[PDB]
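Asks: Before I ask anything, let me first share the structure, which is written out below as structure tokens.
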Amino acid sequence: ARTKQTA
Amino acid sequence: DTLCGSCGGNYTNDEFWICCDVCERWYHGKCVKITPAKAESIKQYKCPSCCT
Ligand SMILES: [Zn+2]
Ligand SMILES: [Zn+2]
């Protein structure tokens with residue numbers, strides 16, 4: 001899936 | 001900036017976010033209850049709203 005990971 | 005399809009909250013890079021492959025809304029992982037690990041075992045993600 002499309003995600004934005006934690007920095 | 002982008003707003004969570006669930007709570008209206010702002011994107012911040014200290015939070016995990018995930019996108020629905022059907023409606024393409026962006027969500028807090030916490031709002032739709034998907035962890036980074038859970039999302040790894042998911043191909044096409046269907047958000048709770050889209051499961052209805
Ligand atoms: Zn949210
Ligand atoms: Zn959806």
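Identifiers in this document derive from the order of the structure tokens: chains are assigned A, B, ..., residues are numbered from 1 separately in each chain, and ligands are numbered from 1 in order of occurrence.
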Please identify every polymer residue within 8 Å of ligand 2, using only C-alpha atoms and all ligand atoms, and present the set as a list in words.

Replies: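 So the residues close to ligand 2 are residues 19, 20, 21, 22, 23, 24, 25, 46, 47, 48, 49, 50 and 51 of chain B.
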
Asks: List all protein, DNA and RNA residues that have at least one atom no more than 10 Å from any atom of ligand 1, counting only C-alpha atoms and all ligand atoms, and write them as an MDAnalysis selection string.

Replies: chainID B and resid 3:11 15 17 26:33

Asks: Select all residues from chain B having any atom no more than 7 Å from an atom of chain A (counting only C-alpha atoms, ignoring ligands), output as a PyMOL selection string.

Replies: chain B and resi 13-19+39+42-45

Asks: Can I get the selected residues back with N, CA, C and O atoms, as a JSON list (two decimals), in the first residue's frame?

Replies:
```json
[["chain", "number", "residue", "atom", "x", "y", "z"],
["B", 13, "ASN", "N", 5.44, 14.40, 9.90],
["B", 13, "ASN", "CA", 6.25, 13.24, 9.57],
["B", 13, "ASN", "C", 6.68, 12.40, 10.78],
["B", 13, "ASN", "O", 7.51, 11.50, 10.65],
["B", 14, "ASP", "N", 6.09, 12.69, 11.94],
["B", 14, "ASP", "CA", 6.28, 11.84, 13.11],
["B", 14, "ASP", "C", 5.10, 10.87, 13.27],
["B", 14, "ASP", "O", 5.01, 10.13, 14.25],
["B", 15, "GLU", "N", 4.20, 10.89, 12.29],
["B", 15, "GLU", "CA", 3.07, 9.96, 12.26],
["B", 15, "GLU", "C", 3.08, 9.09, 11.01],
["B", 15, "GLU", "O", 3.42, 9.55, 9.91],
["B", 16, "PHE", "N", 2.67, 7.84, 11.18],
["B", 16, "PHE", "CA", 2.50, 6.94, 10.05],
["B", 16, "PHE", "C", 1.16, 7.21, 9.39],
["B", 16, "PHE", "O", 0.12, 7.24, 10.05],
["B", 17, "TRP", "N", 1.20, 7.42, 8.08],
["B", 17, "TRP", "CA", 0.03, 7.68, 7.25],
["B", 17, "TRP", "C", -0.09, 6.62, 6.16],
["B", 17, "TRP", "O", 0.91, 6.11, 5.66],
["B", 18, "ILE", "N", -1.33, 6.35, 5.77],
["B", 18, "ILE", "CA", -1.59, 5.36, 4.75],
["B", 18, "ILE", "C", -2.71, 5.85, 3.84],
["B", 18, "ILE", "O", -3.59, 6.58, 4.26],
["B", 19, "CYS", "N", -2.67, 5.45, 2.57],
["B", 19, "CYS", "CA", -3.60, 5.94, 1.57],
["B", 19, "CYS", "C", -4.52, 4.81, 1.10],
["B", 19, "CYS", "O", -4.08, 3.68, 0.95],
["B", 39, "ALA", "N", 0.46, -2.70, 7.58],
["B", 39, "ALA", "CA", 0.41, -2.23, 6.19],
["B", 39, "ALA", "C", 1.35, -3.03, 5.27],
["B", 39, "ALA", "O", 1.07, -3.18, 4.09],
["B", 42, "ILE", "N", -0.23, -5.84, 3.54],
["B", 42, "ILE", "CA", -1.40, -5.41, 2.77],
["B", 42, "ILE", "C", -1.02, -4.96, 1.36],
["B", 42, "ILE", "O", -0.17, -4.08, 1.18],
["B", 43, "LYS", "N", -1.66, -5.56, 0.36],
["B", 43, "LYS", "CA", -1.43, -5.15, -1.02],
["B", 43, "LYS", "C", -2.28, -3.93, -1.35],
["B", 43, "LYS", "O", -1.81, -2.80, -1.26],
["B", 44, "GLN", "N", -3.54, -4.16, -1.72],
["B", 44, "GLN", "CA", -4.46, -3.03, -1.91],
["B", 44, "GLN", "C", -5.21, -2.75, -0.61],
["B", 44, "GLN", "O", -5.94, -3.59, -0.09],
["B", 45, "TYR", "N", -5.00, -1.55, -0.08],
["B", 45, "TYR", "CA", -5.64, -1.17, 1.16],
["B", 45, "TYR", "C", -7.01, -0.57, 0.88],
["B", 45, "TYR", "O", -7.17, 0.31, 0.04]]
```
